[PDB]
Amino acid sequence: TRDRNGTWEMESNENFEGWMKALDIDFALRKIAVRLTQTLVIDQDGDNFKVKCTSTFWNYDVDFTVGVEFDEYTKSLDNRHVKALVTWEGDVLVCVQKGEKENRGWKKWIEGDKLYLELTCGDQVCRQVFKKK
């Protein structure tokens, strides 16, 4: 399915520290973030998405249209400008963030009841799994 709509509660988070370190997020901020429980809210309407990842201190929001490049400034993360592009590869939602870091982006799959998110930077992959609330 290409559906991603819903409220998604994190069940597992693998190598979040390694991925934050690959982005050069400062150590002190990584220590605050690393085991915060995350909720991911996705609103999807045709090509248009609004994605909100929320925690206690610390949010990450992005809105985009599938197939339309957009500038992203990761102000609450590593504070870089990337040219982002989200597309479908079959039923996989794929984002490439072109910029300083190589292999930077994310992918979302659904399998069973569950949303699988892989965040990449350099040689690091962070694997998260969410259940729909």
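Note that residue numbering follows the sequence shown and begins at 1.
Comparing the deposited coordinates for 90 to 98 and 44 to 52, the stretch with the larger average C-alpha B-factor is 44 to 52.
For the pair 24 to 32 and 65 to 73, the mean B factor over Cα atoms is greater in 24 to 32.
As recorded in the entry, 111 carries the highest CA temperature factor of 9, 14, 118, 111. Sorting the modelled residues of the chain by their CA temperature factor places residue 1 in the highest third.
Ranked by Cα temperature factor within the chain, residue 127 sits in the lowest third according to the deposited record.
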